[PDB]
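Below are two forms of the same protein chain, given as structure tokens: structure 1, then structure 2.
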Structure 1
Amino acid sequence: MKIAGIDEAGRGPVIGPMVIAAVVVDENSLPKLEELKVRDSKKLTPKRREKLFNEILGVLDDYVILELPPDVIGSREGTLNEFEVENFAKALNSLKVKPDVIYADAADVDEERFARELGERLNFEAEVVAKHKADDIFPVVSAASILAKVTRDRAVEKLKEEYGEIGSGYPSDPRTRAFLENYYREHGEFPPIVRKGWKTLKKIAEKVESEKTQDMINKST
């Protein structure tokens, strides 16, 4: 059988893309993934995880990595969850080698419902299995997580070369907030790398605008 794993990275950052990665390995090659010790890569450094990345690609029969730009994520019709399920399907349906069983990481959502909704969107026959923190349970999923993670980091790295230090891209990162605040201060708008709609942009934009006062509000209150 052809076993597949699928996971995503970059769900909460306000800057940068969301990455969804789907991998396919033959049952006969499953051991290799476990032999590569993918279920312990979280503690690895970016460069060493990139090493694992290349090694993973050598045992895979096929794979699809979808980098969804911040604009698309901010211009979605429904909820972020529906958006995720839709794109997990797109990833799976783009594969050349179709898997028979798909292991999917359900990000804090009803596992069975997620599995069934995803399966119903596939254009090929396969059994979908979704579990919370599936990246620690199934090596095949751990592998997908690594391709998504690395791809996410490479994207952020490329943005750093262009815009400078943007931080991790997460709203709780001071460097990210600082970068966004300064950019907007000098340009009057945010750079084309942020997820429109996110409330972080609104709060930062209001904060920078408050720095300039041309009329007193409290002459009467």
Structure 2
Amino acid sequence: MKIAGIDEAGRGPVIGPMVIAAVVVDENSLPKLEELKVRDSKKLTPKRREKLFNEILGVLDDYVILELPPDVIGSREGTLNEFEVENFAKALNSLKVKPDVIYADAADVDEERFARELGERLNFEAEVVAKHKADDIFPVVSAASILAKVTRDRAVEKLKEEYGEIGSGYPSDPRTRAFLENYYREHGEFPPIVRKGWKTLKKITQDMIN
């Protein structure tokens, strides 16, 4: 039986993309995955993590990595939860190898409504197992977290080369606020790297520049 795990990166930051990774592994390939200590990846360095990335791929029957830029996210014609569910589904419906069981990281509490919302959005037959904040609980979801996280890091490390110190990218991080604030100064507008929608972006315009 085919097993899939799905996770997503960049949900909280206000600058940068949001990556959704879905992977499909085989019932007999599961072992080789835990042998990679995927759960114990939070400790690894970016380079060692990137090493894990290429190894995960080599043991997966199939995988998809969706990357959502801030312009797409900050322009959804609906809610945010909806955005995830739809993208989590598109990602799965893109898997050439269809899974029978899918273990997903519930974008928010009430993992049952999430598991249902996604189900009715699958163009194929499969059962879903959602868990809010699946902290390394499901090895299949851990591997998806890696690919989504590596992909995100690369996109951010490139944003630094074009803008410099952009901070952690979180709306609650002053360094990111300064950066935007200062940028919103000599340009009157925000960089094409921010999700024009976060209430955070509001205060920035009222604090400085009055």
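Residues are numbered by position in structure 1's sequence, first residue being 1. In this text, rigid core is short for the largest set of C-alphas that superpose within 1.5 Å between two forms.
Once the core is aligned between the two structures, the alpha carbon position of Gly74 differs by 1.1 Å; this is the C-alpha shift at that site.
Superposed on the core, the two forms differ at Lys133, whose C-alpha moves 2.6 Å between the two structures. Once the two forms are overlaid on the core, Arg121 shows a Cα shift of 0.5 Å between the two structures.
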